[PDB]
Amino acid sequence: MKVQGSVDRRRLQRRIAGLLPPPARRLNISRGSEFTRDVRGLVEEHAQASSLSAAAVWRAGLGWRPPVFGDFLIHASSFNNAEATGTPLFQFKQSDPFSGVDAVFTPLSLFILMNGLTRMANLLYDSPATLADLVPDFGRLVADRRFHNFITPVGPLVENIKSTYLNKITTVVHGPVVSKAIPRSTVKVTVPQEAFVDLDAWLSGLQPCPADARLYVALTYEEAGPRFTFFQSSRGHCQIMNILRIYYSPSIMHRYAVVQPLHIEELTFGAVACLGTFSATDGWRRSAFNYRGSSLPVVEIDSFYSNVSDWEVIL
Amino acid sequence: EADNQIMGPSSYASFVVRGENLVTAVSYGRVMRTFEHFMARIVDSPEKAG
Amino acid sequence: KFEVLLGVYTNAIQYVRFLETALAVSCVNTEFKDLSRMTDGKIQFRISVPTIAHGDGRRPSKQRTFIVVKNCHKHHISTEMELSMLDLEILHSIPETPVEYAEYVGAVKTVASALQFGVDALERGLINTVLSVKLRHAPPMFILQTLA
Amino acid sequence: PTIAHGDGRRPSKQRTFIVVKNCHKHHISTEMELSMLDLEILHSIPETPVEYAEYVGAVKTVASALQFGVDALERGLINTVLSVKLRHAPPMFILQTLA
């Protein structure tokens, strides 16, 4: 005399068995008979998927979201073998020779080029003069302020096949970040915790909470050199720029001396791009690097949909 | 008190929408509780005082 | 998609009869068909009280009789019911078509219950009258105790 | 119903109250995960003993997931009924005198 309970398992088993998608069709080429049988199944499936005459031939009842992989080749000096998987990388353009190296760049490499985090970056790169050789007109492009047009964002890396001089690199361009070797194991994206400003708390009825929170990237020419900043915000492309200008105003006040009244080519204070979108209402996670001289705290964010944007002028 | 035992029903009281209610649900969008009861009260016997 | 009248319930009035109450222990219930005629009632007790002889020279009390008279008191009880004239109208006419029959039976049921209420109110009146009559002749305890 | 009374006070006509109550609906949700590897082999038929082992491991885990789910729904029922009972229970210090 058991109660039998309040809910029935037969219903759940049936509806879930209905929900399972049919299996992928393996094709067996090594053995003849298995090959023939799978080909018979293939012709029956095409007869079952394309004939408007019948109704069971209608199969569309009840998404393709890997990333678009793009492969870059880079020198083994312009990249640490140890640097973590998923860090956003930014790319540079060579003039005549492009096949030799692509010269893709990492945020710590930008912090080095631009001149705690300093010591970590030096323990990664003691003699970064190749870094100066990658951009010959660095001292020219800081002033021509054309530095942002050439630094194009590439986003997180998945895999890097390791060679003596060259490095093979696979980069997520558009779509959610995902891997390839296995049934598509996921990755996450890391940015150092310092030199990152949370602009949803910098000014902190009730403000509304959107579904999706975006990460922007901006490049500023201060009198203490250029510098890069990434912003975790959620409000809108029309308001993030205004709030950012309000933020930079104390740093903008200093540029009265450097600007040139005659030549107007240096005036721009910076540019803002949008890298990708992640889940709000969650936050991010805190971890340190595990390298030899690793002391930098780093934010890492899940659920990154890489949708890169262009550099937009702000002043 | 040495009882530590009661007795209760083992299965819930079932209620299902029969045809007589299904027509009203389809057309008028309302279902009556056990239409059979209201029909035995209203149409079958003139008075059947409660 | 539908909405469901999942339950219809109506309270039931229990009859309360004087004879079933325990209060009726304290009364004697006579059915007197035409009470309105009796103008006044009367009960007359005659009691004889003896004395004890005494050897002292004391002046003696003679034979003692007392005559006590008690009288009835009457009570009037009345309640008011209201009936909608339409119900009392459609009650007479025969039913023409089954919707007329449904309305007819609903009407006669309503008026019947309207009279049920009246008989019930009069019964509660009987029992309240007896309880109030008992309360009017119940002196308090602290006076009764030393007087008994 | 009313009482007949001998005081001169006015009698009260008959009265009926019509009161309506309506339902409260409660919504309940749980989640189930099934690893893709576990799902794939179920369709195929095992032939080597290793595949027999993998198939039986998959069926064990799947049955576990389903049983845990239905138990989750039972517990959810009990929690919801208890919340129903509590939300409409006034505190005592009121109701002892209100009653």
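Residue numbers (the entry's author numbering), protein chains in the order written: chain A, 1 to 62, 84 to 136, 150 to 238, 254 to 364; chain B, 297 to 346; chain C, 51 to 198; chain D, 100 to 198. All residues carry an ideal CB built from backbone N, CA and C; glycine is no exception.
The beta carbon of A:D359 sits closer than 7 Å to those of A322, all from its chain and outside the five residues before and after it, given in chain order. Residue burial annotation: A:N339 is exposed, with fewer than 16 other C-beta atoms found within 10 angstroms of its C-beta.
Classified as buried, A:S355 has 16 or more neighbouring CB atoms from the shown chains inside 10 Å of its CB.
Under the Cβ criterion of 9 Å, B:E316 is not counted among the residues facing chain C. Considering only C:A152, C:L69, C:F116, the residue with the shortest C-alpha distance to C:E81 is C:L69. Boundaries of the beta strand (DSSP E) around A:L324: 319-328. Comparing alpha-carbon positions, the option among D:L176, D:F192, D:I140, D:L194 lying closest to D:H126 turns out to be D:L176. Residue contact with chain D for A:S6: present (Cβ-Cβ distance below 9 Å to some residue of chain D). Sequence-distant Cβ neighbours of B:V313 in its own chain, meaning closer than 8 Å and more than five residues away, are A321, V327.
Spatial neighbours of A:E228 in its own chain (CB-CB distance under 8 Å, excluding positions within 5 residues in sequence) are listed in chain order as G150, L151, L345, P346. Short of 6 Å from the beta carbon of C:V118, and not among the five residues preceding or following it, lie these beta carbons of its own chain, in chain order: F95. DSSP places A:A267 in the strand class (E or B) of the three-state scheme. For a cut-off of 8 Å, the C-beta gap from A:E349 to A:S336 is around 6 Å, short enough to register as a contact. For C:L165, the closest Cβ of chain B is not nearer than 9 Å. Taking the Cα of A:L158 as reference, the smallest distance to any Cα among A:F181, A:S130, A:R37, A:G84 is reached at A:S130. Scanning the segment 101-134 of chain A for uninterrupted alpha helix (DSSP H) segments of 4 residues or longer gives nothing; none is fully contained. For B:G315, there is no enclosing beta strand (DSSP E); the residue is part of the alpha helix (DSSP H) that begins and ends at 315-323. The alpha-carbon separation between B:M335 and C:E153 amounts to approximately 16 Å. In terms of beta-carbon proximity, B:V312 stays away from the interface with chain C, with every pair separated by 9 Å or more. Contact annotation: in the segment 51-65 of chain C, residues whose CB is within less than 9 Å of a CB in chain B are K51, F52, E53, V54, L55, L56, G57, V58, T60, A62. By the Cβ test, the segment 101-120 of chain C is not in contact with the segment 131-138 of chain C, since fewer than three Cβ pairs between them sit closer than 8 Å.
In the assembly as shown, A:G107 is a buried residue. Its beta-carbon has 16 or more other beta-carbons within 10 Å. For chain C, the residues of the segment 105-125 of chain D that bring a beta carbon within less than 7 Å of one of its beta carbons are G105, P110, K112, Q113, in chain order. In the DSSP secondary-structure assignment, C:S98 is bridged to C:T115.
Contact residues of the segment 168-179 of chain C toward chain D are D170, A171, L172, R174, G175, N178, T179 (C-beta to C-beta distance below 7 Å). For A:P87, same chain residues with a beta-carbon under 7 Å away, outside a window of 5 residues either side, are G209, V212, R218 in chain order. With contacts defined by Cβ atoms closer than 9 Å, A:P275 and A:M135 form a contacting pair. A:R263 is classed as buried because its beta carbon has at least 16 other beta carbons within 10 Å across all chains shown.
Taking a Cβ-Cβ threshold of 7 Å, the residues of chain D close to A:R9 are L165, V169, in chain order. By the neighbour-count criterion, in which a residue is buried when 16 or more other Cβ atoms sit within 10 angstroms of its Cβ, D:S111 is exposed.
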